[PDB]
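Comments concern the structure below.
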Amino acid sequence: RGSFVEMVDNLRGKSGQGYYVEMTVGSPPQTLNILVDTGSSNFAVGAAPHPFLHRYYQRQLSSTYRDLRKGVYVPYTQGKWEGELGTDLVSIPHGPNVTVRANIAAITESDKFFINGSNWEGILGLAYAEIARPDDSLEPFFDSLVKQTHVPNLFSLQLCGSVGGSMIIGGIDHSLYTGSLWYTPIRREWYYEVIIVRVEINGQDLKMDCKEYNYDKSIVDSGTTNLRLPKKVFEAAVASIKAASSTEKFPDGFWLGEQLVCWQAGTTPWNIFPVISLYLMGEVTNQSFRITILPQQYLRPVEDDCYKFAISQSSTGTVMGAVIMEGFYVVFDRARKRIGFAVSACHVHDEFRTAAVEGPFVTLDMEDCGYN
Ligand SMILES: C[C@@]1(c2cc(NC(=O)c3ccc(Cl)cn3)ccc2F)C[C@@H]2C[C@@H]2C(N)=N1
Ligand code: NA
Ligand code: NA
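Just so you know, the sequence shown maps onto residues 0 to 371 in the numbering used here.
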C-alpha cells in the first residue's frame, strides 16, 4: 500500500491520441498496447489486419482462448466497432504479478475507431458492467481482476500531458501527488459518475442552477481529451472566459473548436487566460472541495506554436476528460464508491500558477445538483 515502483510510468502516448498500457493476452502471451478508458466498460482489441494497427490479437495462436459464440455491434456517435466475444488469459506486464481470465471483444470490423498513426490496438474499459456491451452480464476486466485475485478494488491514474503517466492497479502511490487527496462520491456505478456543485472562472462563479452542471450526468473519463460541458453551461463558461482574456481577441471559431490559434514560439500568453474551478460534492453533508486547472490543460498543443481550445459543449453531460485529469492524481476508489483528487506531481504549469485541490468548502443543497 502506498508504493508501487514497478507500475510507475507504465503509461505512454502521443498528444491527442490518449494514454495506453502494455497488456498481454492468451498463451503464449501476445503483447498489445491498450488505451486506458474510464469512460467505457469493454475490453476490446483489434483481431484482424486493419491497416492502422501495429499488431492485433490472433486468437488462433492462443491455447487458452474460449469462444463465447456471441457477437457484439458497438456504435458510437462518431464511429463503430463489431466483434466476437470470448475469454482468454490476460496480464499487465507493468502491473500486478497476476493473470486473469477476462472477456475480450475481438474486433473484426471497425470504422473511425482506431487512430491512424497511434501506437494502440485496443481499449480497456475500466467503468462498470451497467454500461458493458451487449449487456451487464459481460463482466468488465476490472471486475474479473478483483474476483479472481487479491488485488484491492481500486486503481489510480496519473496522466502527464511525448505523453505518459502511471496506472496503479490495486493501490495508490504517494509519490505521484502532492498535498492531500479529496474524495467525491461515485453517485452511481455505471460510468464514474460524480456531481459538480459549483463552477468558477478565475474565482468568479457562473451562478447557474447547479443542476445545469450535471445535465444529464457528469463523469470522469480518460478516453476523452476535452473538458466537455453541457451546452448551457458551456455558453456561460466561454462568455466568462472570453471576458477574462479580452486583453486579446480571437476568432469566434476558435472558442467553438473550429480553428486553431497560433503564437510565435515561446510566447503563448498563458497569463491572459483564466483558471477554471470545479467544486465537487464532498464526503460529508454540506461539505465540498474544488479542483482548479490552468490554460496549460485546456489549451492543447497541436503539431508557430498552434493550440486547440479543448473545452467543448456537450449533449451527454459534463465530461472530465484528459483536460481535467492531466492536472491531477485521480483515485478510482471502487471499494468505497468514491473518487479522489490530488495535485499531480507531474502536471504542466508555470512559475505563476499551479493546479489545485482545495477544501473544505461549505455548500448547501448539493443533492439538488444531480439530474434525475
Ligand atoms: C470507447 C470510447 C472511445 C475513446 C477513444 N479515445 C481516444 O481516442 C482518446 C484520444 C485522446 C485522449 Cl486524451 C483519450 N482518448 C477512441 C475511440 C473510442 F471509441 C468511445 C467514446 C469516446 C468515449 C470513450 N471514453 N470511449
Ligand atoms: Na479478490
Ligand atoms: Na505525496
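Note that beta-carbon positions come from the ideal geometry of N, C-alpha and C, so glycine has one too.
Given a cut-off of 8 Å on the beta-carbon distance, is the pair residue 373 and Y127 in contact?
Summary: the structure shown does not reach residue 373, with the chain confined to residues 0 through 371, and so no result is reported for it.
Would you please state the rounded distance, in angstroms, between the beta carbons of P273 and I240? I believe it to be under 8 Å.
One-based indexing of the sequence shown puts residue 273 at position 274. One-based indexing of the sequence shown puts residue 240 at position 241. Confirmed, about 6 Å.
How many angstroms separate the CA atom of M280 from the CA atom of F288?
In the sequence shown, the residue the question calls residue 280 occupies position 281. In the sequence shown, the residue the question calls residue 288 occupies position 289. C-alpha separation (whole angstroms): 7 Å.
Within the same chain, show all residues whose beta-carbon is closer than 8 Å to that of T148, passing over the 5 residues directly before and after it, in chain order.
In the sequence shown, the residue the question calls residue 148 occupies position 149. Excluding positions up to five away in sequence, the list reads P95, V97, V99.
Three-pair Cβ contact test at 8 Å for the region 155-171 versus the region 10-17:
Contact between the region 155-171 and the region 10-17 is present, because at least three Cβ pairs lie under 8 Å.
Using a Cβ-Cβ cutoff of less than 7 Å, which residues in the same chain neighbour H348 once the five nearest sequence positions on both sides are dropped?
Residue mapping note: residue 348 aligns to position 349 of the sequence shown, counting from 1. Answer for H348: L293, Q295, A354, listed in chain order.
May I ask whether a heavy atom of ligand 1 can be found less than 7 Å away from the beta carbon of residue 405?
Residue 405 lies beyond the range of the chain shown here (0 to 371); nothing can be said about it.
Contact defined as beta carbons within less than 8 Å: I believe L259 pairs with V301. What is the distance between those atoms, to the nearest angstrom?
On the sequence shown, position 260 is the one that residue 259 refers to. On the sequence shown, position 302 is the one that residue 301 refers to. Under the criterion of beta carbons closer than 8 Å, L259 and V301 qualify as touching, at roughly 6 Å.
Cβ of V145 versus every heavy atom of ligand 2: is any distance shorter than 7 Å?
Walking along the sequence shown from the start, residue 145 turns up at place 146. For ligand 2, at least one heavy atom lies less than 7 Å from the Cβ of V145.
Less than 8 Å between the beta carbons of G316 and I218, yes or no?
Numbered from its first residue, the sequence shown carries residue 316 at position 317. Numbered from its first residue, the sequence shown carries residue 218 at position 219. Against a cut-off of 8 Å, the Cβ pair of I218 and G316 comes out as a contact.
Residues in the same chain with beta-carbon distance under 7 Å from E138, minus the five sequence neighbours each way, listed in chain order, please.
Position 139 of the sequence shown holds residue 138. Excluding sequence neighbours, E138 sits near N102, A128.
Distance check for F3 and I310, CA to CA, integer angstroms please.
Here the question's residue 310 lines up with position 311 in the sequence shown. Here the question's residue 3 lines up with position 4 in the sequence shown. Each residue's CA atom was taken as its position, placing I310 and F3 some 33 Å apart.
Whose C-beta lies closer than 7 Å to the C-beta of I338 among residues of the same chain, with five residues either side of it excluded?
By 1-based counting over the sequence shown, the position of residue 338 is 339. Same-chain partners within the cutoff: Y182, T183, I185, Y191, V193, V219, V329, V330, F331, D332.
Heavy atom of ligand 1 less than 7 Å from the Cβ of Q16, yes or no?
The residue you call residue 16 lines up with position 17 of the sequence shown. In terms of side-chain proximity, the C-beta atom of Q16 is found nearer than 7 Å to a non-hydrogen atom of ligand 1.
Quick one: which unbroken alpha helix (DSSP H) runs of 4-plus residues sit fully inside the region 309-348? Chain order, please.
Within the region 309-348, the complete alpha helix (DSSP H) runs of at least 4 residues are 321-324.
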